[PDB]
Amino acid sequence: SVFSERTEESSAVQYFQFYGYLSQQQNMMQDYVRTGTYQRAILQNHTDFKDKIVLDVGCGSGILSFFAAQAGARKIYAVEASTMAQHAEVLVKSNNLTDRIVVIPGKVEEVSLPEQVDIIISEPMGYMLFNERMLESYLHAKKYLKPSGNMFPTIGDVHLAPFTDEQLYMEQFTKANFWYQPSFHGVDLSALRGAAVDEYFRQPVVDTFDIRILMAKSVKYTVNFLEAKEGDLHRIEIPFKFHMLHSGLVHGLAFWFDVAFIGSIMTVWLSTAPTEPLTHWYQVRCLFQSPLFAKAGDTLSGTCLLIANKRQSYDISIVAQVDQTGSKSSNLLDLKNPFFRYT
C-alpha cells in the first residue's frame, strides 16, 4: 500500500500502539479549542452534512463521526487503523448509531469503501502541522471524494517568524557544557562537547512564549487540501523574507499553524498561534546554530525546507541570511524527536 511504502514498519508499530491508548484520546478530547472548534465548524455548517455521506479518516474514539451525526449525516464511514477502532464500535453501539456510523478497521490506504462521499473529515495536524505525515493519508482519501466534495479542514496555514530568546539559546550550551570538563570521575569528557551541542540544536523546541520575542511579521505557507496531492508534501519548500521590526539578535524561527473549515454557511478557524489560547500543539521553535544580527529595517531571507522521511516525520533544513550584511546561518533539525520544554 501507499502507506507501507513511505513508512518503516518499526515506526508504524509504535505510532499505532501510541494511539491505541484511551489516555491519549482523552488528552486530545480535553483540548476544548480542538474539540469545540470542530463541533462548531461541523454544526454551524449542517447543510454540508445533513443527509450526506461522510468519511472520517483516523476517527480515533470516533468523536468527529458523532459530530457528523448530530449535523444530520445519512451515513458516516469511520476509518481507524489502531486498536482504538474496537472502542469506537462500542461507543457507536452504546450511542445507538450503528445504523448511520460504520467503523472500518484498517489504514485508509488499504480499506475499501462502498461509495463516494460528499465530505472528508479528519484531524491530521501534528506539530507545526506536518508532523506524523498524516496529511498524506488525508489527501489519499480524496480518491473516495466526489468531484463536488468538501474537506474539513479545507486549508492549512503554517506560519514562520524570527524570534530572539537569549535564555533559550544559552540553555543549549549550559547543558552541552556538562561534557566540557577534564575529570568527570577521572574521565576527560570534553571531546564530546561538540557532539552534544549539535544534538541539542537538532531538536525543535515545543513550548509557548511571549509574542514580544517575535522580531518580524510572520510569513505564511498555505496547503489547500482540496487541490493538493500526497506527493506535494514529500518536499515542502518555504521561502521567507522577513522585514525586521526591531534591531537585535535572531536566534531562530518560530512556527505555528491555522486550519480553516470552509463550509457553505461560514468559515471556521482553528488557530494555534501564540496570540490565541494555548492548545496541545503549543508552538515550535527551531534555533539557528549561530545567531544573526540584524538592525530594524534589514531583511532576513532564506528557505525552510521540509523533507519527509520514513519515520513518519520531516527533516528540517533552514538557511537564513541578513541581506545587508551577508551574515549567514543554518540548521538541520529532526522533527520526530522534539524537546518538550513547556512548564
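One-based numbering along the sequence shown. Under this definition, the rigid core comprises the largest set of C-alpha atoms superposing within 1.5 Å between the forms.
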property	result
Core-fitted comparison in 9 other deposited structures of this protein, 190-198 vs 137-145, farther C-alphas	190-198
Stretch with larger C-alpha RMS deviation in 9 other deposited structures of this protein, core superposed, 312-320 versus 59-67	59-67
Between 135-143 and 69-77 (mean CA B-factor, as deposited), the higher	69-77
Mean Cα B-factor comparison, 122-130 or 98-106, giving the higher one as deposited	98-106
Member of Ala254, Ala191, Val90, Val250 with the greatest C-alpha B factor (per the PDB record)	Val90
Peak C-alpha temperature factor (PDB record), options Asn45, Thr299, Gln312, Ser317	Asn45
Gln283 - which third its CA temperature factor falls in, relative to the rest of the chain	lowest
Chain-wide C-alpha B factor ranking for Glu199, given as lowest, middle or highest third	lowest
Third of the chain, ranked by Cα B-factor, where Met84 sits	highest
Chain-relative CA temperature factor third for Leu335	lowest
Chain third (lowest, middle, highest) by recorded CA B-factor, residue given as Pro114	highest
